[PDB]
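A.B. asks:
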Amino acid sequence: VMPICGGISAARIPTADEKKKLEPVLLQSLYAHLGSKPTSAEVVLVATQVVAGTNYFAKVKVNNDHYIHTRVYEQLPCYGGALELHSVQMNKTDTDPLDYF
């Protein structure tokens, strides 16, 4: 009854390869969004939007202190497969819903 294109999966727990995929990218790109460089950035929850490629939405523990939500776009393999940070929702709670933005 529901579309394929653009639908967001249920927020769930990352895999060991999702964390290795995402966190190094978050450590490098988060300063342009947060205005400081994080000392740590932990993907605690992830949800996936099917797109031409994949939008990863993530609940992210920053500096083991607080939470943000991140949108990271993953290219299709033929486009190279790079991952890039698209935007940030700051100042979130640990049970804030991991919703599309």
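Counted from 1, the sequence shown has number 266 at position 42 by my numbering; the numbering is strictly sequential. We put the CB at the ideal spot given by N, CA and C, even for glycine.
#1: Quick one: Cα of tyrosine 297 to Cα of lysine 243, how far?
#2: Can you give me the start and stop residues for the beta strand (DSSP E) that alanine 265 sits inside?
#3: My understanding is that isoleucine 237 touches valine 274, with C-beta atoms under 8 angstroms, so please give their C-beta distance in whole angstroms.
#4: Quick check on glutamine 252: does DSSP put it in helix, strand or coil?
#5: Would you give the residue range spanned by the beta strand (DSSP E) that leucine 322 belongs to?
#6: DSSP puts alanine 234 in a beta bridge; with which residues?
#7: Indicate the three-state DSSP secondary structure (helix, strand or coil) for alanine 306 in the structure shown.
#8: Hey, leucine 246 and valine 267: beta-carbon distance below 7 angstroms or not?
#9: Under 7 angstroms Cβ to Cβ from residue 222, same chain only, skipping five residues before and after it: list those, please.
C.D. replies: Answer, in terms of the structure:
#1: 14 angstroms
#2: Secondary structure note for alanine 265: its beta strand (DSSP E) is the uninterrupted segment 265-275.
#3: Actually they do not touch by this definition, with Cβ atoms about 19 angstroms apart.
#4: helix
#5: Annotation for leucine 322: no beta strand (DSSP E) segment contains it, and DSSP assigns it neither H nor E.
#6: Its beta-bridge partners do not exist; DSSP assigns none.
#7: coil
#8: Yes.
#9: Residue 222 lies beyond the residue range present for the chain, which begins at 225 and ends at 325; the question has no answer from this structure.
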